[PDB]
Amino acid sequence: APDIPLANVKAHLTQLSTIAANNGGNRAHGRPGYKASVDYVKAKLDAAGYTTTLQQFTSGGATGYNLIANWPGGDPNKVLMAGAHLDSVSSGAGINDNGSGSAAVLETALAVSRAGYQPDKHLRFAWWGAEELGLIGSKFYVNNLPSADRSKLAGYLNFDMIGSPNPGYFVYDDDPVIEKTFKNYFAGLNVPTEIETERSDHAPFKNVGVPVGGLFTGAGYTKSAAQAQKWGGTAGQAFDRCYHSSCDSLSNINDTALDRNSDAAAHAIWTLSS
């Protein structure tokens, strides 16, 4: 797999930050900053060669959207998916929650085209709407995917909050093959990981039997003395002191965590697709 350029990931975050500022300060469901975020991401994918779909739904009397991007080619009976919710709460720009995951997934999709990659399994990426309303967008996708298509899914990988300022490195403990793939990449960096325990878009896929996995750097919980010894940072302070706040801005990101988790995402996607 290729190394994902950290500066490219940060540049997508800067574009989302400007979008929030030009649309009343947020990127929330039912507000213009969310559809403006969808338009930015979709334009990059269309230019790279992806076949995109805008999936519309209604929640709370307002129109919502999920963006689906399919890379032409691959075995139609074995599909590998990766995703991230693209909405924020209405209090701020939601840069770590969840511009971080949205940006790592987009840059991985652009890296596939730049490398001229032809995976054995068909690749499909997704950016979810209305996750903050209770996983509304991802539930709409699973509820409307015919069972013949559900059986063709080899796995779903989720990235929701991967750039926390006082980070922990958590790996979901779900499907064994997916978990081992993420854990092995971190072992190669000599960075220890812990099981994710501290409610995201992988839930509706997991509940219908699709194998799932993912990465997380922590939210409102407090980092312990032992976690600070293995990862650095500040014991006694939250992993993210700006969770769901107006301060979840461009300054609310730890560059090392964003870089490692973006690189790990690309490693897992290459490994599990060929």
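Numbering starts at 1 and runs along the sequence shown.
A.B. asks: How many residues sit between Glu198 and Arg199 in the deposited sequence but have no coordinates: none, 1 to 3, 4 to 9, or 10 or more?
C.D. replies: According to the record, 1 to 3 deposited residues lack coordinates from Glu198 to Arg199.
A.B. asks: Mean Cα B factor from the PDB record: higher for 63-71, or higher for 221-229?
C.D. replies: 221-229 has the higher mean C-alpha B-factor.
A.B. asks: Mean Cα B factor from the PDB record: higher for 205-213, or higher for 52-60?
C.D. replies: Here the higher of the two C-alpha B-factor means belongs to 52-60.
A.B. asks: Reading the B-factor column of the entry, which of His244, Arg31, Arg241, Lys42 has the highest value at its C-alpha atom?
C.D. replies: Highest C-alpha B-factor among the listed residues goes to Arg31.
A.B. asks: Based on the PDB record, which member of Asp173, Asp160, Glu194, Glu107 exhibits the highest Cα temperature factor?
C.D. replies: So the option with the highest C-alpha B-factor is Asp173.
A.B. asks: Compare the C-alpha B factor of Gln118 with those of the other modelled residues in its chain, then answer lowest, middle or highest third.
C.D. replies: Answer is middle: the recorded C-alpha B-factor places it there.
A.B. asks: Classify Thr234 as lowest, middle or highest third according to the C-alpha B-factor given in the PDB entry, relative to its own chain.
C.D. replies: Its C-alpha B-factor, which the entry lists for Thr234, ranks in the highest third among residues of this chain.
A.B. asks: For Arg124, does the deposited CA B-factor place it in the lowest, middle or highest third of the chain?
C.D. replies: Middle third, going by the recorded CA B-factors of the chain.
A.B. asks: Based on the entry's values, in what third of the chain does the Cα temperature factor of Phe140 lie: lowest, middle or highest?
C.D. replies: Middle third of the chain for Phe140's C-alpha B-factor.
A.B. asks: Going by the recorded CA B-factors, say which third of the chain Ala187 sits in, lowest, middle or highest.
C.D. replies: Answer is highest: the recorded C-alpha B-factor places it there.
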